[PDB]
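Asks: Mind looking over this structure? Questions follow.
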Amino acid sequence: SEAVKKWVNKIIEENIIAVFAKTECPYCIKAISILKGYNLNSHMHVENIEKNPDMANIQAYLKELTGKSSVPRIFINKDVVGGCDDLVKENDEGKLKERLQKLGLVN
């Protein structure tokens, strides 16, 4: 489905912070909360891929793009961050704040 790919791509391109998630997902919630802690809301979009008829195609494409089909899947300016553990590593090690500084999202 070129349509599935185009829809996912549009989500990743039109939003600097893009998070694919699902219903009742503790690590989705944690990742999203961490990102909102940097006051990124205005440039963040969260898509619930579970409430979607094409979840399997979406997940397969996210795997093609990032290496894993699990949620959360996190992109920042089209760059793959990965999952919540990846985000936590970047945050703890200073990489996340660096990313956001380069994009003018934090001072």
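Going by the structure tokens order, chains are called A, B, ..., each with residues numbered from 1, while ligands are numbered from 1 in the order shown.
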How would you write, as JSON, numbers by chain, the set of residues in chain A that DSSP gives as helix (DSSP H, G or I)?
Replies: {"A": [2, 3, 4, 5, 6, 7, 8, 9, 10, 11, 12, 13, 14, 26, 27, 28, 29, 30, 31, 32, 33, 34, 35, 36, 41, 42, 43, 55, 56, 57, 58, 59, 60, 61, 62, 63, 64, 65, 66, 84, 85, 86, 87, 88, 89, 90, 91, 92, 95, 96, 97, 98, 99, 100, 101, 102]}
Asks: Write out, as JSON lines, each residue of region 15-42 of chain A that has an atom at most 10 Å from region 62-75 of chain A, together with the closest pair of atoms and their distance in Å to one decimal, counting only C-alpha atoms, rows going by chain and rising number.
Replies:
{"residue": "A:15", "atom": "CA", "partner": "A:75", "partner_atom": "CA", "distance": 9.2}
{"residue": "A:16", "atom": "CA", "partner": "A:75", "partner_atom": "CA", "distance": 7.7}
{"residue": "A:17", "atom": "CA", "partner": "A:75", "partner_atom": "CA", "distance": 5.9}
{"residue": "A:18", "atom": "CA", "partner": "A:75", "partner_atom": "CA", "distance": 5.1}
{"residue": "A:19", "atom": "CA", "partner": "A:74", "partner_atom": "CA", "distance": 4.7}
{"residue": "A:20", "atom": "CA", "partner": "A:73", "partner_atom": "CA", "distance": 5.1}
{"residue": "A:21", "atom": "CA", "partner": "A:72", "partner_atom": "CA", "distance": 4.8}
{"residue": "A:22", "atom": "CA", "partner": "A:71", "partner_atom": "CA", "distance": 6.9}
{"residue": "A:25", "atom": "CA", "partner": "A:71", "partner_atom": "CA", "distance": 8.0}
{"residue": "A:26", "atom": "CA", "partner": "A:72", "partner_atom": "CA", "distance": 9.4}
{"residue": "A:27", "atom": "CA", "partner": "A:72", "partner_atom": "CA", "distance": 6.8}
{"residue": "A:28", "atom": "CA", "partner": "A:72", "partner_atom": "CA", "distance": 5.0}
{"residue": "A:29", "atom": "CA", "partner": "A:72", "partner_atom": "CA", "distance": 8.7}
{"residue": "A:30", "atom": "CA", "partner": "A:72", "partner_atom": "CA", "distance": 9.6}
{"residue": "A:31", "atom": "CA", "partner": "A:72", "partner_atom": "CA", "distance": 7.6}
{"residue": "A:32", "atom": "CA", "partner": "A:72", "partner_atom": "CA", "distance": 8.9}
Asks: Now that the selection is made, can you save its residues with N, CA, C and O atoms as a PDB file, in the first residue's frame?
Replies:
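Contents of again_3.pdb, freshly written:
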ATOM      1  N   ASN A  15       5.276  17.096  10.942  1.00  0.00           N
ATOM      2  CA  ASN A  15       5.467  17.345  12.376  1.00  0.00           C
ATOM      3  C   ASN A  15       6.910  17.090  12.790  1.00  0.00           C
ATOM      4  O   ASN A  15       7.427  15.995  12.567  1.00  0.00           O
ATOM      5  N   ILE A  16       7.564  18.077  13.403  1.00  0.00           N
ATOM      6  CA  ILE A  16       8.964  17.905  13.772  1.00  0.00           C
ATOM      7  C   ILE A  16       9.124  16.755  14.767  1.00  0.00           C
ATOM      8  O   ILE A  16      10.044  15.950  14.640  1.00  0.00           O
ATOM      9  N   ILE A  17       8.235  16.684  15.757  1.00  0.00           N
ATOM     10  CA  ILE A  17       8.230  15.531  16.657  1.00  0.00           C
ATOM     11  C   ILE A  17       7.054  14.629  16.314  1.00  0.00           C
ATOM     12  O   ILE A  17       5.891  15.023  16.430  1.00  0.00           O
ATOM     13  N   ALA A  18       7.349  13.401  15.915  1.00  0.00           N
ATOM     14  CA  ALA A  18       6.285  12.501  15.512  1.00  0.00           C
ATOM     15  C   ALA A  18       6.374  11.224  16.327  1.00  0.00           C
ATOM     16  O   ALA A  18       7.436  10.605  16.376  1.00  0.00           O
ATOM     17  N   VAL A  19       5.264  10.847  16.969  1.00  0.00           N
ATOM     18  CA  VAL A  19       5.236   9.647  17.810  1.00  0.00           C
ATOM     19  C   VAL A  19       4.100   8.749  17.389  1.00  0.00           C
ATOM     20  O   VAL A  19       2.943   9.161  17.371  1.00  0.00           O
ATOM     21  N   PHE A  20       4.430   7.515  17.041  1.00  0.00           N
ATOM     22  CA  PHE A  20       3.422   6.517  16.768  1.00  0.00           C
ATOM     23  C   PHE A  20       3.231   5.687  18.027  1.00  0.00           C
ATOM     24  O   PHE A  20       4.198   5.207  18.614  1.00  0.00           O
ATOM     25  N   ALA A  21       1.981   5.517  18.431  1.00  0.00           N
ATOM     26  CA  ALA A  21       1.695   4.932  19.723  1.00  0.00           C
ATOM     27  C   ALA A  21       0.443   4.094  19.642  1.00  0.00           C
ATOM     28  O   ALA A  21      -0.102   3.851  18.558  1.00  0.00           O
ATOM     29  N   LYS A  22      -0.010   3.690  20.801  1.00  0.00           N
ATOM     30  CA  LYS A  22      -1.223   2.984  20.923  1.00  0.00           C
ATOM     31  C   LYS A  22      -1.872   3.149  22.276  1.00  0.00           C
ATOM     32  O   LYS A  22      -1.374   3.785  23.145  1.00  0.00           O
ATOM     33  N   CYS A  25      -0.465   2.217  26.700  1.00  0.00           N
ATOM     34  CA  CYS A  25       0.887   1.815  26.411  1.00  0.00           C
ATOM     35  C   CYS A  25       1.781   2.609  27.338  1.00  0.00           C
ATOM     36  O   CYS A  25       2.048   3.748  27.063  1.00  0.00           O
ATOM     37  N   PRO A  26       2.196   2.002  28.456  1.00  0.00           N
ATOM     38  CA  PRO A  26       2.971   2.706  29.481  1.00  0.00           C
ATOM     39  C   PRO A  26       4.213   3.395  28.935  1.00  0.00           C
ATOM     40  O   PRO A  26       4.466   4.542  29.308  1.00  0.00           O
ATOM     41  N   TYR A  27       4.975   2.724  28.075  1.00  0.00           N
ATOM     42  CA  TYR A  27       6.160   3.368  27.519  1.00  0.00           C
ATOM     43  C   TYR A  27       5.852   4.454  26.471  1.00  0.00           C
ATOM     44  O   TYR A  27       6.634   5.399  26.314  1.00  0.00           O
ATOM     45  N   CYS A  28       4.708   4.348  25.790  1.00  0.00           N
ATOM     46  CA  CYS A  28       4.223   5.469  24.976  1.00  0.00           C
ATOM     47  C   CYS A  28       3.947   6.677  25.875  1.00  0.00           C
ATOM     48  O   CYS A  28       4.380   7.792  25.589  1.00  0.00           O
ATOM     49  N   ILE A  29       3.196   6.443  26.946  1.00  0.00           N
ATOM     50  CA  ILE A  29       2.817   7.509  27.869  1.00  0.00           C
ATOM     51  C   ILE A  29       4.065   8.179  28.457  1.00  0.00           C
ATOM     52  O   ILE A  29       4.175   9.404  28.459  1.00  0.00           O
ATOM     53  N   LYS A  30       5.013   7.368  28.919  1.00  0.00           N
ATOM     54  CA  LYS A  30       6.268   7.872  29.463  1.00  0.00           C
ATOM     55  C   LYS A  30       7.049   8.695  28.429  1.00  0.00           C
ATOM     56  O   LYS A  30       7.475   9.819  28.720  1.00  0.00           O
ATOM     57  N   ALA A  31       7.222   8.155  27.220  1.00  0.00           N
ATOM     58  CA  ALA A  31       7.934   8.901  26.167  1.00  0.00           C
ATOM     59  C   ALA A  31       7.272  10.249  25.869  1.00  0.00           C
ATOM     60  O   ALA A  31       7.933  11.294  25.770  1.00  0.00           O
ATOM     61  N   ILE A  32       5.955  10.211  25.715  1.00  0.00           N
ATOM     62  CA  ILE A  32       5.210  11.400  25.351  1.00  0.00           C
ATOM     63  C   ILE A  32       5.313  12.430  26.456  1.00  0.00           C
ATOM     64  O   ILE A  32       5.471  13.616  26.178  1.00  0.00           O
TER      65      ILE A  32
END
Asks: Just the number, please: distance in Å from CA of residue 11 (chain A) to CA of residue 49 (chain A), one decimal.
Replies: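 Going from CA of residue 11 (chain A) over to CA of residue 49 (chain A) covers 11.6 Å.
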Asks: From the list A:98, A:92, A:54, A:79, which residue is nearest residue 4 (chain A) when using only C-alpha atoms?
Replies: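 That would be A:54, the residue with the smallest distance to residue 4 (chain A).
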Asks: So, counting only C-alpha atoms, which residue among A:91, A:41, A:78, A:35 is closest to residue 10 (chain A)?
Replies: A:78
Asks: Please report the interatomic distance between CA of residue 61 (chain A) and CA of residue 87 (chain A) in Å with one decimal.
Replies: 20.3 Å
Asks: Work out how far apart CA of residue 55 (chain A) and CA of residue 83 (chain A) are and give it in Å to one decimal.
Replies: 17.3 Å
Asks: Given only C-alpha atoms as the basis, pick out the residue of A:88, A:48, A:82, A:14 nearest to residue 33 (chain A).
Replies: A:88
Asks: From the set A:8, A:95, A:2, A:34, which residue has the shortest atom-to-atom contact distance to residue 59 (chain A), counting only C-alpha atoms?
Replies: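 Comparing A:8, A:95, A:2, A:34 against residue 59 (chain A), the winner is A:8.
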